[PDB]
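Just so you know, the protein sequences line up as chains E, R, B, A and C, in that order. Numbers 1 to 120, 137 to 247, taken from the deposited numbering, label the letters of the first sequence in order. Going by the deposited numbering, the first residue of the second sequence is number 107, and it counts up by one from there. Going by the deposited numbering, the first residue of the third sequence is number 2, and it counts up by one from there. Numbers 4 to 54, 182 to 354, taken from the deposited numbering, label the letters of the fourth sequence in order. Going by the deposited numbering, the first residue of the fifth sequence is number 6, and it counts up by one from there. For every residue, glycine included, the Cβ atom is placed at its ideal position computed from N, Cα and C.
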Amino acid sequence: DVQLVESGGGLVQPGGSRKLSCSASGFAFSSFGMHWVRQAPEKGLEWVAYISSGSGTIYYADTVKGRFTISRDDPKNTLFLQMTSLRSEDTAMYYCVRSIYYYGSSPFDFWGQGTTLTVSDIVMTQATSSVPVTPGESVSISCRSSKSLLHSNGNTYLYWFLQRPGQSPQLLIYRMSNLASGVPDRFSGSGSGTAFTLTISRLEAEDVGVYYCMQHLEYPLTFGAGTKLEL
Amino acid sequence: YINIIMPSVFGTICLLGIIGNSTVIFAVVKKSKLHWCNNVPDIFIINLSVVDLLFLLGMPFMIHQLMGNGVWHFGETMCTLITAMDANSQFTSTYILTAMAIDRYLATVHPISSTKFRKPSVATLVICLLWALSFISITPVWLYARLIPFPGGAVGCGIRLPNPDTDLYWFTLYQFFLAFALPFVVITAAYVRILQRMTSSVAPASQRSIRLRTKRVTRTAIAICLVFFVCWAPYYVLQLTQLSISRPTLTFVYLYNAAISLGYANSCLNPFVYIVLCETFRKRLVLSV
Amino acid sequence: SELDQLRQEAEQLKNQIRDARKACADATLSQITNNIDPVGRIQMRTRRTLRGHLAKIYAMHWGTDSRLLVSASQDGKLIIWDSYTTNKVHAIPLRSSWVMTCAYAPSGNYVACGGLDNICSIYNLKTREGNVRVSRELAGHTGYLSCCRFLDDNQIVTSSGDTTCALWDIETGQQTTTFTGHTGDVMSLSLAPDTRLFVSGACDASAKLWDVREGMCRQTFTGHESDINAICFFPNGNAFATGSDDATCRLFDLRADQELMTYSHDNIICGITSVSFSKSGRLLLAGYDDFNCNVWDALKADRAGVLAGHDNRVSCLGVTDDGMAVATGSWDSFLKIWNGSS
Amino acid sequence: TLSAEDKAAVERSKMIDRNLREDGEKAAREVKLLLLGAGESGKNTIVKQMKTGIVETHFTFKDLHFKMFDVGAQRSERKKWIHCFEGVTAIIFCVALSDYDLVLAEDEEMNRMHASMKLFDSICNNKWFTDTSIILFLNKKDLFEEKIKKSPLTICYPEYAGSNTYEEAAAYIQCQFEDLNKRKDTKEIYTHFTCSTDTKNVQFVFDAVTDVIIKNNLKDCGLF
Amino acid sequence: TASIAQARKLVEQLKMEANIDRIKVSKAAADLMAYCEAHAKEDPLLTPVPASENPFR
């Protein structure tokens, strides 16, 4: 089965260095681009780095560029993140995310379990932090972007993720309308221009969690604050 | 009559050579489907015609100082550049021709082991390296290309050696060795080995097909070497002969100018040898047209 | 005695069918469509050139989204193209390089191919592993595979050179129905728009109309003088066109059970490799051995235009579901996408 | 002016081309041989000596990889799938010399040797193999010699008026196949006499293939 | 007895094909012409679309 296991996290001293590894099994690792995405404690998701299939293209977030190095070993199916000059701002859970890019693909479909590190631009806005919900009732979640995510080719590069408590993020909606494989049809994504809505018809217990909207129009990839659904 | 005979010979060679080389370039580019050539022999043949085309385009700017008045009207800046450009084309065309004979030698004497490095990428690297070696080989040409003040009010572009009494010997031999002497030995030796290693014992030599194969390759390998020798030997024989001769005569001047025409005729007959003596290319050219 | 008597009865039945078809031939398709105006000259330009195949291309098929297409070549590569950008979406290495046909599933989740290996291989394009893998190899034909077409994700029809067509259940890997009756190699098949019937053309110069569910031959269409190489249903399913080695294209009608029109030119003396219709059916596009694709007026049998952009035999072509573009594959290892301009 | 996803889509395509071009170079340096023959003509024996619908056999000899395709199982029309092999390096044709006084089991009137001659004529003179060399194998040499002592060669070839010995009868059969060559300019035929215990059968193919490689190199280099 | 068995099957097949209902060619020809007329406007190859609506500009 598809698996992504991260390792190397732990308590480190300020200004130190740490090496994070992401071992991939159960899928063609060399065919997928790989991202590291972190989430600060009691905060939203934050994209760190990206390396393409074949290692030809590499992107970094501005807050980590020059200190972090992302690399891959295709024969060993291992993804690496070499970190240096670690700051107190780097305390987060680092997630390994696979994403393959061709016509009709679903990027950011699989995330790793994550590893915990403790140290001793289009704006996506989700103003509504929490929404009290009851099972069987329809819920809508709103997201806003500083720039229009609709490209001239007709795609709207907006993604929806759900992070249930204690679990890794899971892809729900990719390119603002398409439903990810293995996701119930009750989820529906609707949007236009800079305003987007995620509709959850007939809410269930499993849907409880934090919902993140991400833009993929350009790098750096930025996440919204997140909307939490609670009973 | 002499004032019209010499321009007619150079004019006919210049026009005929350009047409022949353009046809070779046009056929290869069309064969490549407007893309980088995927065949090693196709890379050399177009580059050989490109150098020949350059060696022919500069002919009118190099012969007007020989027929009419012998006066250079382009100044020192063009005198150094054109002489270096003309020398580079003479060296580059011979170097491409010499390296192409080794490529044909590899494709025949070693048909199995040569597939490892007879790739289009390797062919491009070698040809680009041939131009680099050509610039290094013409280093004395552009370093000593200075205006020569002739008696009277007329001046002409040429090579003004610092010590013409003594430096005239090494400069003549250096061009003779690199452009005529050494490459001819390599080209001739490569093709005679091809004729001796073109058919295997298993091949039915008694069959008309094999006898026809040996006949066509024989008259192509010899013709290529024959054209290269004839088009350059008299130019360099007189180049060596003028070392002993101090005062040239009218006949010697006429022969030397005729020898120049034969040198430019080398770039005129090379595309025609490929077109005429290669039936496979001839049919493809007809098929393309 | 009995054998001689039976073969005489077959001739009487054939004469009865021929007389019945002649009885209903009150008018000609040429006379009916004489009044309508011609389509004029059809000028199409190569919008895209798909490069990357390094050998002869033998088959192509558009996806139902009118954007993705799959092509098969005998360099042992199945390639999926994004026709809008010419990007390669997938490149599937074939176990057997002697591929002769390829099919795109209407759902877009599967592709099929097969050739001289007598096998129809099904490839899954949507896997969690991110690569295309073989999901089924349909064995059972005793001749080369000439054509294959999906009905859905679980059913596919294949025609073979062993004179038979078969309907396969992909999940079980077994052919549920076998369609027999051709005396020569079946070279092509076309599915009706409702996927309840399909026609096949063979090398016995005959075209048979088959019932998919019942599994028997409903009608037989003759009239060609050599092997039929290509066949394509009319968009409404009531007619089909064939292309043969006799340099002719013929339009047969299912309900009239006879030929209606022939599409041939005196300059054309080469065989036909592929045929397709435009979205409205007004244009019939046919690929030829003479390196060209001729656009015919289906109703008026006039050569409307020529697609001349290949240096070898045009081996395959296809028209998008929305009718926006036409792709032609050729033995020169290139695919070209064509459409007109206002 | 492409989005971040499309840039990776174009980059993915370039990754595919780097693999398609890589395979094209490898596939162009290997030898593709089409194997033909008649029933019980030693065609299957050659495969055993050089070890569905089509059987493909691979073997490497002296840093040269050979792809030999056996199409004996294709009972359909030959002319439909024959063009799929247009471009093979050479054709290996197997003919049984001993099958000169025998006849076809089904026809019962066509000589087995004449059937091979018709098949050879249809392949040698075929339009797709205009410039394709043929490596003609004449198998069953030992059985042919024994049968020629009792059964004269005149039964198969009435025009034959030579000695009743292998050294003269076999050479006459070899010339008959080579005489069927309708194009004696663009191709040559490498005839070899194999046996059930021979060990130089593969060596003959390598030398015959080498001459084909040289001929193609001369055509490419422009010497020919 | 292979030929005699095959002869019965071939004769039986021709009976099925001879018992089908056939419409006139004029009726069949008119339907094909009618279908082309109704769908003529939505045929991009027959009537090229404006460049703004053409994905293959």
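In this chain, the beta strand (DSSP E) harbouring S158/E covers 155 to 161. Residue pairing from DSSP leaves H244/A without any beta-bridge partner. Out of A213/R, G258/R, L356/R, the CA that lies nearest to the CA of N346/A is found in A213/R. In terms of CA proximity to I265/R, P246/R leads the group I111/R, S240/R, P246/R, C234/R. For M198/A, the secondary structure class from DSSP, reduced to helix, strand or coil, is strand. For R32/A, at least one C-beta of chain R is nearer than 8 Å to its own C-beta. Listed in chain order, the beta strand (DSSP E) runs fully inside the stretch 268 to 326 of chain B are 273 to 278, 284 to 289, 294 to 298, 304 to 308, 315 to 320, counting runs of at least 3 residues.
Using a Cβ-Cβ cut-off of 7 Å, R15/A is close to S53, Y101, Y102 of chain E, given in chain order. Within the same chain, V130, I151, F387 come within 7 Å of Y380/R by CB-CB distance, once the 5 residues on both sides are set aside. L346/R and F335/R have their C-alpha atoms roughly 16 Å apart.
For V2/E, the nearest beta carbon of chain B is closer than 8 Å to its own beta carbon. In chain order, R18, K19, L20, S21, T115 place their CB closer than 7 Å to the CB of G8/E, counting only its own chain and leaving out the 5 sequence neighbours on each side. Non-local C-beta neighbours of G112/E in its own chain, meaning closer than 8 Å and more than five positions away in sequence, comprise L4, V5, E6, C22, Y95, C96, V97, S184, ordered along the chain.
Bounds of the alpha helix (DSSP H) holding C331/R are 314 to 336. Judged by pairs of C-beta atoms under 8 Å, the stretch 11 to 26 of chain A does not touch the stretch 316 to 328 of chain B, as fewer than three such pairs exist.
What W99/B touches in chain A, judged by beta-carbon distance under 7 Å, is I184, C214, going in chain order.
Contact between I253/A and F259/A is confirmed by a C-beta separation of about 6 Å, below the 8 Å threshold. For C41/C, the enclosing alpha helix (DSSP H) starts and ends at 30 to 43. Here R256/B is near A33/C, since their CB atoms are less than 8 Å apart. In its chain, beyond the 5 residues on either side, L36, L38, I265 have a beta carbon closer than 6 Å to the beta carbon of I222/A. Going by DSSP, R303/R is part of no alpha helix (DSSP H) at all; its letter is neither H nor E. The C-beta of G42/A comes no closer than 8 Å to any C-beta of chain B.
The Cβ of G56/E sits closer than 8 Å to at least one Cβ of chain A. Per DSSP, the beta-bridge partners of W63/B are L70/B.
Under the three-state reduction of DSSP output, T47/B falls in the strand class. The distance from the Cβ of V200/B to that of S160/B is about 10 Å, inconsistent with a contact at the 8 Å cut-off. If you check the CB distance, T184/B and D163/B do not come in under 8 Å. Taking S31/E as the centre and dropping the five residues before and after it, the same chain places the C-beta of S53, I100 closer than 8 Å to its C-beta, in chain order. In the structure shown, the three-state DSSP call for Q18/C is helix.
When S228/A, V34/A, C224/A are compared, the shortest CA-CA separation from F215/A is found for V34/A. When the Cα atoms are used, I124/R and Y111/B turn out to be separated by approximately 56 Å. Residue burial is scored here from C-beta neighbours: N153/R has at least 16 other C-beta atoms within 10 angstroms and is therefore classed as buried. For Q186/E, the beta-bridge partners assigned by DSSP are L178/E. Comparing C-alpha distances from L51/B to each of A73/B, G41/B, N36/B shows the shortest one belongs to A73/B.
DSSP places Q156/B within a strand segment (E or B) once states are collapsed to three. The stretch 110 to 127 of chain R makes no contact with the stretch 326 to 342 of chain R; the number of CB pairs closer than 8 Å stays below 3.
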